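Chain letters run A, B, ... following the sequence lines, proteins first, then strands; residues in each count from 1. Side-chain atoms are counted along with the backbone in the values below, which use heavy atoms only and exclude waters and symmetry mates.
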2 protein chains.
Amino acid sequence: XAXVXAXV
Amino acid sequence: XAXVXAXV
DNA sequence: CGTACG
DNA sequence: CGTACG
Ligand SMILES: *C(=O)c1cnc2ccccc2n1
Ligand SMILES: *C(=O)c1cnc2ccccc2n1
Ligand SMILES: *C(=O)c1cnc2ccccc2n1
Ligand SMILES: *C(=O)c1cnc2ccccc2n1
Ligand SMILES: [Mg+2]
Ligand SMILES: [Mg+2]
């Protein structure tokens, strides 16, 4: 759920 | 994440 | 690095 | 009730 590189 | 009634 | 429902 | 990444 975080999007630091993927945002899912 | 489960969709038993919303599916999110 | 943790968000997302009826 | 539990899922979703590079
Ligand atoms: C977001 O909160 C989140 C949490 N755990 C994960 C595991 C696998 C891929 C994506 C994820 N996203
Ligand atoms: C994004 O592409 C990405 C990849 N690996 C990580 C590891 C831990 C924290 C955040 C990350 N973000
Ligand atoms: C799915 O796995 C999941 C987990 N917890 C939640 C909390 C709030 C809304 C949606 C949710 N979805
Ligand atoms: C779906 O609409 C819905 C509503 N509340 C719940 C509570 C517990 C398990 C599954 C649920 N599904
Ligand atoms: Mg985890
Ligand atoms: Mg929970």
If you only use heavy atoms from C-beta on, which nucleotide in [options] is closest to the side chain of [X]?
X     : options                : result
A6(A) : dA4(D), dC5(C), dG6(D) : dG6(D)
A2(A) : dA4(D), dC1(C), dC1(D) : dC1(C)
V4(B) : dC5(C), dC5(D), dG2(D) : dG2(D)

Using the P atom in both, what is the distance from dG2(D) to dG2(C), to the nearest Å?
23 Å
Given the sign of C1'-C2'-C3'-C4', the sugar pucker at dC1(C)
north
Determine which bases of DNA chain D form Watson-Crick or G-U wobble pairs with both distances under 3.5 Å, and write the result as a 5' to 3' dot-bracket string with | for other-strand partners.
||..||
